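Here is how the chains run, residue by residue.
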Amino acid sequence: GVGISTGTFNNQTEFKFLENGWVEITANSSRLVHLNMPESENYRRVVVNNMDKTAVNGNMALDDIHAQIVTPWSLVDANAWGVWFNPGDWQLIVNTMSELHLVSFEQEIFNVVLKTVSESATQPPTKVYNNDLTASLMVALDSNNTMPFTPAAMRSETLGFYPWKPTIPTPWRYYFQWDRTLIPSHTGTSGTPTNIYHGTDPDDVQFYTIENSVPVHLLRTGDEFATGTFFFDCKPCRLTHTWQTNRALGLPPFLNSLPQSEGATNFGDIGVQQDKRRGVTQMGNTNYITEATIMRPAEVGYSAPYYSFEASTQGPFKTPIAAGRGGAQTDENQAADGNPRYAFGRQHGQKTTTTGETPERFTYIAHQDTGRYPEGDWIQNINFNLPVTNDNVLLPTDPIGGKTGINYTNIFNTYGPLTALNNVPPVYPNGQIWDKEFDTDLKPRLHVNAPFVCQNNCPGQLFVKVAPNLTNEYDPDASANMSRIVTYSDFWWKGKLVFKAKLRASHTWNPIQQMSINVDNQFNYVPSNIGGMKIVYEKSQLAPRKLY
Amino acid sequence: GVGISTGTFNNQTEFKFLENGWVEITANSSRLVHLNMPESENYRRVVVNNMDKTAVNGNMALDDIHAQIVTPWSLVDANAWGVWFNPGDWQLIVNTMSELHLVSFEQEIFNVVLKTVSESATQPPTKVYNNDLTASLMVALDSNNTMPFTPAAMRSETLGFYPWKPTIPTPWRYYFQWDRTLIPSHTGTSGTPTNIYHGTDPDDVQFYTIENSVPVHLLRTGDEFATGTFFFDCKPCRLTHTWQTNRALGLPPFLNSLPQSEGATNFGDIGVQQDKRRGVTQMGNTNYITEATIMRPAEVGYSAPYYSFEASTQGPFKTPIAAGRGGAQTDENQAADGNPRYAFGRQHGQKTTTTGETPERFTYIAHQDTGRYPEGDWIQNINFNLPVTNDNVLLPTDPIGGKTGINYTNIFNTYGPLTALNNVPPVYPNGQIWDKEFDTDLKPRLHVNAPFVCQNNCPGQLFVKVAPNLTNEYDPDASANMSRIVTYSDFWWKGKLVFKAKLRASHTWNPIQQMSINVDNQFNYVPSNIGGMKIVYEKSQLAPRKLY
Amino acid sequence: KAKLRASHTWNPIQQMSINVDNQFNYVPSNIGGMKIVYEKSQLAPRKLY
């Protein structure tokens, strides 16, 4: 009814321990969503063109030319870790569990309130907000996944992370087809390369509308819309990292001489010469069996061509890399490729009382040792004389193509049938939870943006829009814009995400690295005297696991 | 209730494939309709008289004198192709099906909103729109077809073609009886012909009101009106055209000499003289058997007197022609008679962001070869000497009545008992879907405006009107106009039209002409950067069919 | 065994058709010379993601 509520606020996460060390995690989340009427009631087709920026030779990485369809609908997106967990629940899950399953997902909309602004133009020009009890909110649930899938976590435009703060939805848009061609150059190149935007191929035109595809529900004040329960079928995401490289697989060599005194410089020693040892190598012309030459079962990780831009029908793009380097060799100073860098605003983890429009940034360096250190690689000739000569090695200090800043590791690629690698780790709080698999014949082995991939079907997207509120003067045969009453809405969203985890067990004599609070990160978890909150990122794969 | 919705937006078309190659097409359509209170609450009887225009000799085709009854009700009319299908569904139906049945039709009205304008006269004179929760909307459904049938597609006044755009209904009116007499003339005629409007015959006066004929429902905000399901009984409309003329029926002549080399000028030849052949003719005094003389089973198409104005009790009108010419001989330059010409506005297919009040026009040239080429006809004497003499042929260059611009084909008529012809094709998007059969004793064989004719009964018309909102001062004994509160309405219309089609089959070695998108008509199906949309017309009978 | 396609967008789809250019590739000549010109097979688009 008019003065009857249709739902209940709930933002609790529960832990229900089953038998055999399985625990059912059910995270609830509720928000207050503020929605304005759209700027235009029509679908647009806008072409973005920053050709003045890439007209300077060398700046071809800054390309932004694309085409998109601007729709009057808005999207409610809750596909991020920080929507469902606070740092206490995340510390509990990360420290106590070993693997994670994704079970189900629901959402609903209740307690709709529509108000109209009537700006009484005084000399202090005021505005009185009145309830419009007969206005409607239009809600479309794309359960068959007919619309193009747009995850909002990649643009940092999901729901907010604080339960006591009102949030906004994202204006929806999708990509339209275009053709462009950009020839690269460098600073000090004679002439201008081709920088051409061709247009649209008629064989690839797809124009989607919400009205022709999805049934749209009209919600007044006493109405309530509830999505049913979707059920996932996914692979488990493991909360442990591996440390073993190719240099630490299998049986170590037997030491015939052990140290007799304590110290960091009392080393052990194999008492056999390198040309008198036993074991298997893969060098048919070499009697040396060392730690770098001994045969391993497979290879962990691979080398990829890093900072490689590939061009296609719609312009250049960067090549994605599955796992980057990180650990004792690389810091914030030592720049690497493969580690993602997140940017976000005050709604998603930045300090709420900060000044300026510069976002907050961090680079996520994972714990799994599956990367490569490109400054220590080399090729050598198959003759394999051990004091190697100048013209028999390919070093990373040798120029490729005459360019002194390019070596062979920039174009190297060692992916093969012996390559083993790991899935991507979850990133709290800004990371995505699930993702959709590509509708192609040969599917990729992993995604670099989400730990779960719903294979057959994913949860349908939820669209929302304020219904048009017309005035007395309205002529559809006139070419001008539709004149509407200034209306906005407030509704309550409530979701429920259910997981399933397994409690970890101790295997070693020594303790394990855990997530804790100390004197350094103390004031990152409490509000300030004004109420400024923030959410700093936390690691997810803390405990180690033996690979082999 | 007040804050409870009473319906659901739906604008999807479904395809449900049955057995034996039959598919059930169910098109849904929903709109938002904007309705003002009427200008006057009374019925009027207005006589239109453009006698100053036809006072000039020669302009008697521009007659507009009639009489009509102006009612305060409005009509909701959804009898057009573009209300139910988008160009994708139309391409699917036209390319894949062969015939079309019309099954059922429903409509309903829900989510009524009534608002009053109270213009607070400030120096920036504003107006505040307030909900009137106790106001009513009057809805009359003429299910027995008592009112005169007025199809709105002939004046381009149906509902809009875009689902995301609000639409308006049409103010209802019907024809009243009058008598007029106009004698034609030409430029340079001595004197003035009779141009007289007589008046009304008392034997033919019919004054219809909605209140005395139809039960009227009163709808407040929580109310919902739903028409039941009407069921059609109609002949099927075929989506294939015929190409065979009278010159291509039956067995061709046997060729005694075939060409020996390829080329466009290596012709075949019948090796028999024209006075030595066999076969049946219909010339009792002629031994020549040629392709023009050989007997055919019947005649396809007919000749009609074209641009012939007939006069009757109520003035002159044009004579309708069933099928006009079109193809290799006629273009937009070569003007023809019989092909319809549509005019329409921004609500019905014109570019929405265009300027001016000039409508958009197109001439629909069909594919069926059932017309006539009047420049190639001739009569000749029954003596039939084959090099024909000057005074033995009637040519289209010979003047009829001494007039050099008139030949005998303007007054010719060859309709007979041997005439075969085809039904009218559907015109997307502006064409009518169904039509009512005349309530006369001898009914016409076809209509030139709709492919379906509901014979016994048709769907009843839906009338709508805002109920009167009186003020405190109201005196019915005073001769002045009723003073009302300025009120308008917004309601949602939702219809459901069900068809039945049969999937086509391939019969020939060669492919068939289809409807496709290419580089010419590419930007006719996508919005612009402002949101300007348009709907260009598409052909409906694409595949050929053998007549005999 | 095939599955009939469905319409998803507002705009039409590119189809295979006969026109004035490829007209005489599907009929025999006056001597009987026939030919078969190649045709494309993946005409309609599909969203990848």
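Analysis parameters
- Residues numbered from 1 in each chain as written, not as in the entry; some residues may be left out.
- Chains lettered and ligands numbered in written order.
- Part of a larger assembly, values for the part shown.
- Heavy atoms only, no water.
- Helix = DSSP H or I, 4+ residues; strand = E, 2+ residues; numbered from the N terminus.
- Buried < 20%, exposed > 50% of the residue type's maximum accessible area, 1.4 Å probe, protein only.
- Contact = heavy atoms within 4.5 Å.
- Areas by Shrake-Rupley, 256 points an atom, 1.4 Å probe, with all protein chains shown as cover.
- Patch = residues over 30% accessible without salt bridge, like charges linked within 9 Å, V, L, I, M, F, W, Y side chains within 5 Å.
- Salt bridge = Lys/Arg side-chain N within 4 Å of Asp/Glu carboxyl O.
- Core = buried A, V, L, I, M, F, W, Y, C linked by side-chain atoms within 4.5 Å.
- Least-squares fit on C-alpha atoms.
- Polar contact = N/O pair within 3.5 Å; in protein donor to acceptor, adjacent residues only side chain to side chain.
- Nonpolar A, V, L, I, M, F, W, Y, C, P; charged D, E, K, R; others polar.
- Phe/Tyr/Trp six-rings, centres within 6.5 Å; stacked < 30°, edge-to-face > 60°.
- Disulfide = S-S within 2.5 Å.
- UniProt positions renumbered as here; feature names shortened; annotations may be inferred.

Structure determination for this entry, per the PDB record, employed cryo-EM and reached 3.0 Å resolution.

S.K.: Hey, could you run me through the overall build of chain A in this one?
M.R.: If you tally the helices and strands in chain A, you get two helices and 28 strands. Counting across all 548 residues of chain A, residues that qualify as buried make up 42%. Long-range pairs, those at least 24 residues apart, make up 73% of the contacts in chain A between residues at least 6 apart in sequence. Working note: accessible area of chain A is about 29800 Å², and carbon and sulfur atoms make up 52% of it.

S.K.: Looking at this structure, how should I read a nonpolar patch on the surface?
M.R.: Together, A:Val2, B:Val2 and B:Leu133 give the surface a local cluster of nonpolar side chains, amounting to about 220 Å² of exposed area. Along the chain, B:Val2 falls in the segment before β1 (8-9).

S.K.: Any chance you could explain the nonpolar core here in plain terms?
M.R.: Nonpolar side chains in soluble globular proteins tend to be buried together. In terms of nonpolar packing, the biggest core is built from 83 residues, with B:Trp84 and B:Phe85 touching the most fellow members. The element best represented in this core is strand β6 (residues 97-118) of chain B, accounting for eight residues. Those residues in contact with B:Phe85 that lie beyond four places of it in its chain are B:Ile25, B:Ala27, B:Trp90, B:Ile93, B:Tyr428 and B:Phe499. Of all hydrophobic cores here, the second largest spans 53 residues; its members include A:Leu137, A:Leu141, A:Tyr428 and A:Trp434.

S.K.: Would you mind going over the relation of the copies chain B and chain A with me for this structure?
M.R.: The operation relating the two chain copies consists of a rotation about an axis and a shift along that axis. Screw-axis analysis of chain B against chain A gives a translation of 0.0 Å along the axis, an RMSD of 0.0 Å, and a rotation angle of 72°. Taken together, the rotation and translation describe the operation of a five-fold axis. Of the interface residues in chain B, just 8% have counterparts in chain A that sit at the interface too, so the contact is made through distinct surfaces.

S.K.: Explain the interface of chain B and chain C to me, please; I cannot follow it from the model alone.
M.R.: Interface size, as often reported, equals the accessible area lost upon joining of the parts. Contacts between the two partners involve 30 residues from chain B and, on the opposite side, 20 residues from chain C. The tally of links between chain B and chain C comes to zero salt bridges. For the pair chain B and chain C, the number of links is six residue pairs in polar contact. Here the side of chain B that touches chain C takes six residues from helix α1 (residues 87-96) of chain B, the largest share from any one element. The residue inventory of the side of chain B that touches chain C, partitioned by class, reads 16 nonpolar, twelve polar and two charged.

S.K.: Before we go on, may I ask you to explain unusual backbone geometry in this structure?
M.R.: Working note: non-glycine residues mostly have negative phi, and peptide bonds are mostly trans. Cis peptide bonds are those with omega within 30 degrees of zero, and the linkage from A:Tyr428 to A:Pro429 qualifies with -5°. At A:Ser156, a position not held by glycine, the phi torsion is positive, near 55°. Residue placement: A:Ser156 occurs in the loop between β7 (137-142) and β8 (170-175). Notably, B:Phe384 is not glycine yet its phi reads approximately 65°, a positive angle. Here B:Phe384 shows up in the loop between β22 (379-380) and β23 (393-394). Among the residues examined, B:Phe384 registers a relative accessible area of 17% and is labelled buried.

S.K.: When you look at the interface of chain B and chain A in this model, what are you seeing that I'm missing?
M.R.: Contacts between chain B and chain A engage 51 residues on the former and 45 residues on the latter. Measuring nitrogen to oxygen at the nearest pair gives 3.4 Å for the salt bridge that ties B:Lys127 to A:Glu473. Our count for the chain B to chain A interface comes out at 20 residue pairs in polar contact. When residues of the side of chain B that touches chain A are traced back to their parent elements, those giving at least two are β1, β3 (22-36), β6, β7 (128-131) and β28 (487-503) of chain B. Ranked by residue count, the leading element in the side of chain B that touches chain A is β6(B), at six residues.

S.K.: Where do I start with helix α1 (residues 87-96) of chain A in this structure?
M.R.: Owing to its 3.6 residues per turn, the α-helix aligns residues three or four sequence positions apart on the same side. Turning to α1(A), its buried residues are A:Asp89, A:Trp90, A:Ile93, A:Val94 and A:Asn95. Looking at the buried residues of α1(A), the elements they touch are β1 (13-17), β2 (22-36) and β5 (97-118) of chain A.

S.K.: Explanation requested: α1(B) in the structure shown.
M.R.: Residue and element names in this part refer to chain B. Burial analysis of α1 places nine of its ten residues in the buried class, the great majority of the element. Looking at α1, one finds that the buried residues are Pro87, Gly88, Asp89, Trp90, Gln91, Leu92, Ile93, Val94 and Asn95. Those residues of α1 hidden inside the fold are in contact with β2 (13-17), β3 and β6.

S.K.: How do you make sense of the packing of aromatic side chains when you look at a structure like this?
M.R.: Ring pairs (aromatic) are described by centroid distance and by the angle formed between their planes. Within this structure, the stated rule accounts for 54 aromatic pairs over all chains. On the basis of an interplanar angle of 90° and a centroid distance of 5.7 Å, the ring pair of B:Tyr43 and B:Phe207 is categorised as edge-to-face. Placement of the pair is B:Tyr43 in the loop between β3 and β4 (44-48) and B:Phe207 in the loop between β11 (195-199) and α2 (210-213), with a sequence separation of 164 residues. Look at B:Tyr43 and you get partly exposed, because its relative accessible area is 22%. The exposure class of B:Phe207 is partly exposed, given its relative accessible area of 49%. Of the aromatic side chains, those joined through ring pairs into one cluster are A:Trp84, A:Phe105, A:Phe230, A:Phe232, A:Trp434 and A:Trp493.

S.K.: Explanation requested: the state of the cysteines in the structure shown.
M.R.: Put plainly, two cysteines are in a disulfide when a covalent bond ties their sulfur atoms together. Residue and element names in this part refer to chain A. Evaluated as defined, the whole model comprises two disulfides over all chains. Two residues, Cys454 and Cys458, share a disulfide whose sulfurs are 2.0 Å apart. One disulfide, between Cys454 and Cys458, carries an S-S torsion of 110° and so falls in the right-handed class. In this model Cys237 remains outside any disulfide bridge; the closest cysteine sulfur is found in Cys234, 11 Å from its own. Taking the relative accessible area as the measure of exposure, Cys237 reaches 4% and is therefore buried.

S.K.: It is not clear to me how the UniProt feature "disulfide bond" in chain A should be interpreted in this structure. Could you clarify?
M.R.: Of the disulfides catalogued by UniProt, the one between A:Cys454 and A:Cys458 is formed in the present coordinates, where the sulfur separation is 2.0 Å. Grouping residues by exposure puts A:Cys454 and A:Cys458 together as buried.

S.K.: How do you make sense of the UniProt feature "binding site: Mg(2+)" in chain A when you look at a structure like this?
M.R.: As recorded in UniProt, the feature "binding site: Mg(2+)" lies at A:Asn144. Positionally, A:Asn144 belongs in the loop between β7 and β8.

S.K.: Sorry, what's going on with the side chain of A:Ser104 here?
M.R.: Residues and elements named next belong to chain A. As for its placement among the helices and strands, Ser104 is situated in strand β5. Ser104 gets classed as buried once you look at its relative accessible area, which sits at 6%. Those residues in contact with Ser104, other than ones at most four positions away along the chain, are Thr229, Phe230, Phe231, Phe232, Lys496, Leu497 and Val498.

S.K.: Help me understand the environment of B:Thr404 in this model?
M.R.: Residue and element names in this part refer to chain B. Tracing the backbone through its elements, the reader meets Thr404 in the loop between β23 and β24 (419-420). With a relative accessible area of 77%, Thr404 lands in the exposed category. A sequence separation of 68 residues divides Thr404 from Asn472, and the C-alpha atoms of the two residues are 72 Å apart.

S.K.: Looking at this structure, I do not really get the environment of A:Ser257. What am I missing?
M.R.: All names here are of chain A. Note on placement: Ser257 falls in the loop between β15 (240-242) and β16 (299-300). Between the alpha carbons of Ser257 and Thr146 there is a distance of 69 Å; along the sequence they are 111 residues apart. Once residues lying within four places of it in the same chain are set aside, the contact partners of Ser257 are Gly268 and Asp269. Engagement of the side chain of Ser257 in a polar contact is seen with the backbone oxygen of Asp269, the distance being 2.7 Å.

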